[PDB]
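Q: what shape does this take:
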Amino acid sequence: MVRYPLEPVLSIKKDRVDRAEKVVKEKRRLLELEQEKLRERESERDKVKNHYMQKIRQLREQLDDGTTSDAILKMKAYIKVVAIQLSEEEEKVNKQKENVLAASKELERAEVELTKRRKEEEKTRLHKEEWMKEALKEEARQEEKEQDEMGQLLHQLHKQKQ
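A: Residues are numbered from 1 along each chain as shown. Right below this line is the structure:
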């Protein structure tokens, strides 16, 4: 049984495609984890942002009602505190964004790698196809040559009849 000489390379290249598919899927999942952590950060940021908004509106209502300089100073002092908590949450959100982007790029890179594996595997598959065509033609030429030769031997035997 004459098999393709580079069968071991083709077998391997099929495996490399399997592996790269699995890697793309793993990168999807890793990006999804970061996307989920981004949502948690944004959620935590939104509760501080809402708390800040509630404080501002509460002061704005007091202003509309008429208030005193002391009560304004006290509400404003608390508002400043919350404002810094809010900037700290926005920083946390921006860090997590950086994780999302890196994982996003890692996914893009894995898909480029999968396409490369598939291109290479297909180059080898095509060469197996073309080897096998040539193998078939070669065996046919050999068969044809031997049919000529046996045909002659038979006929030279019948000449030798006398």
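
Q: show me what the one helix or strand residue 134 maps to is packed against.
A: In this assignment (DSSP states H and E), residue 134 forms part of helix 69-159. Judged by 3 or more C-beta pairs under 8 Å, 6 or more residues apart in numbering; DSSP states H and E, helix 69-159 is in contact with helix 7-65. For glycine as for every other residue, the C-beta is placed from the backbone atoms N, C-alpha and C.

Q: what packs against the helix it packs on?
A: By 3+ C-beta pairs under 8 Å, 6+ apart, helix 7-65 packs against helix 69-159.

Q: next one: the helix it packs on to chain centre, how far?
A: Offset of helix 69-159 from its chain centre (C-alpha atoms, centre = their mean, to the nearest Å): 8 Å.

Q: what angle sits between that helix and helix 7-65?
A: Relative orientation of helix 69-159 versus helix 7-65 (axes from the mean of the first three to the mean of the last three C-alpha atoms, to 10 degrees): 160 degrees.

Q: neighbours around the residue nearest to residue 111 when sequence neighbours are not counted, how many?
A: In space, and not counting its chain neighbours, residue 111 is closest to residue 24: 5.6 Å by C-beta to C-beta, 6 or more residues apart in numbering. Neighbour count of residue 24, defined by other C-beta atoms under 10 Å: 18.
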